[PDB]
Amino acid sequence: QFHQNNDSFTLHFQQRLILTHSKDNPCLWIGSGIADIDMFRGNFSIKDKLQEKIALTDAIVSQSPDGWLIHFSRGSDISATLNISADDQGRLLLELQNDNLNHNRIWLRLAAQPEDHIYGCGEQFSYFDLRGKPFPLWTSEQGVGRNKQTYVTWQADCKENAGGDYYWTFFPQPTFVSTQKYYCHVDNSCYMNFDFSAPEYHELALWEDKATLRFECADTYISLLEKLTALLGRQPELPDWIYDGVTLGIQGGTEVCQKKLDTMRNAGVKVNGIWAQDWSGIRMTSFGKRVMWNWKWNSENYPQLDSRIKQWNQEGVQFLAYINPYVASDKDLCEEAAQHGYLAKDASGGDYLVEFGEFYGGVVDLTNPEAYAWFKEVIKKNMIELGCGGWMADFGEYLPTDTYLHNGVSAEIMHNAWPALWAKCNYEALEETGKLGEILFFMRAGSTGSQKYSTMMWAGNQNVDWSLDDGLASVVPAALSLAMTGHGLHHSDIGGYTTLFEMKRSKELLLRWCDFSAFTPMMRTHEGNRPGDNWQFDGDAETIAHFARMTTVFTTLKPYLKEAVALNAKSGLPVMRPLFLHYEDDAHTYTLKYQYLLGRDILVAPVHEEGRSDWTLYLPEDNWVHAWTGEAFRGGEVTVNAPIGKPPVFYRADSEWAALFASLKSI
């Protein structure tokens, strides 16, 4: 539905009002800015020197039988064209192209209603409903603290501009869902700011001279996500062994791994894996114990690993490793990359050395098909053929904007696109070895296409604290925001990661986090950056026993989880779901941030505060059974006892899975 008067028009798409334009209230501005983008250790400082911002108030429409073409102008020397058409699947397609490259800013307004909620924009840690705020979309480090009013954030800012803020994330994406039951996906990867704060419109700011946007509607959110994932990609099914226990994050070598494994197994903990990020060596820095970034098994630290991997596998234990797409400048791979011209370049034509925190690395130029192939062979040869069942595929958010890439695309454009590219490299390693569905890699950074190429997201680095913006809590909006952006497999470090400034992980925080992760599709621990300052999974007999209990819980859910994972693969129906996917008529479910459905039938509200013996949450109208007592409940706000090991989890009494669920209160 396109309606027009002289310099005035509206566009409806399946009855959603998308655009309105008039001389008085334009939908389009263009102009120009000079980007001053600086990075220190992945923490970006983005300044614009805005030169112009010009409202294109004149619009001349011409019509094809396949669309409308709108010439916008403000005099002869300022103009842009908007083509409105349908793409090959009938999605609404807007193509914008400014007059010339000098006009490298776009602001486009979309119509909205005050009541609309907005979800998505990738992986968001402070907000799930985005309505009422702007979100800059620039992949970076996620922040330490992430709130200017908390102390840790202030410390991290002083120390290295590292505290961040509510919108910082390693997986921003220019994709959102409206409670008008449509999504909007922007194909650009330039800097963008999605402004959701005006009651009557959404404003999308693009730092480019052109923009493509697609929209699709549906009658339910589930169908909408089916459509969104038809566009962006659907993840494979998880390997069957992911459901079989906890993956133990261990460092310090083979014997330590063995000793800890045995401690856990012998106490009855269900262990499916050992994840040893230091498989390649350790680098000590002031931040803490980091990995040596040269992607080859270090047999001095991990003697007999080649054989031990298989002995572990014989007992149902996978070995997981660590790789990122950078290479330590003081090691072999970086040298080999340098010799073949496989590294991103600086303006002088040298290889760009990035400062990563008291060491330097090259950036493997994944835009060079040869470097891409070579790096994929590194994975295949040095990890898959070694016998890894999986790995952390980390980073992807750190490309500096003054690197020069083999494909000739500006680093200011390639920066945001990097994660998906890295994801694809991993995905293809698996695909080329027949290991999709068998090997599992997990990623932190993401971008458009991570929905196809990342077999699992993890929530990156939480503080080992109970903060809303960077603690246990924040993982839930991260998971739900991703679900709404088309990625339905999400987990977090059991216990958090970031151990700085007197933050140290308590036993209590370890156990609460364990209770949370038992109700997600993957259980995996982390030592954190300072292992010896954090409570760990084997800190005492009670911790071990808690793990044996909650791993038993997790493994009981295996068939349920697997079905939910199948559904994710088949139709983009995410494993951790916002309540409104199934309780659409309940207005209260649209504003929940810290509870989710695990599958259709289990409602989870993790305790995210220290010192609680009870917990308050919302049950939508259904017949619920408390998992630990069998107690029946109906909808409305409820407070339950929530000691450690009995997280606030409820299941639908009418679930075909009810007898499985009913066995939980007997563990």
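All residue numbers are counted from 1 along the displayed sequence.
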Which is higher on average in the deposited entry, the C-alpha temperature factors of 341 to 349 or of 422 to 430? 341 to 349
Once average C-alpha B-factors are taken from the entry for 322 to 330 and 89 to 97, the winner is 89 to 97
Which has the highest CA B-factor per the PDB entry: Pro521, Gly528, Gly408, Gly396? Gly408
Maximum C-alpha temperature factor, selected from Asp244, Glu123, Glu370, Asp165: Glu370
Using the temperature factors of the C-alpha atoms in this entry, rank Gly539 within its chain: lowest, middle or highest third. middle
Against its chain's modelled residues, does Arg146's Cα B factor rank lowest, middle or highest third? lowest
Hey, what third does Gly390 fall into on Cα B-factor, ranked over its chain? lowest
Report the third (lowest, middle or highest) to which the CA temperature factor of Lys210 belongs, ranking only the modelled residues of the same chain. highest
Using only modelled residues of the chain, where does the Cα B factor of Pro172 rank: lowest third, middle third or highest third? lowest
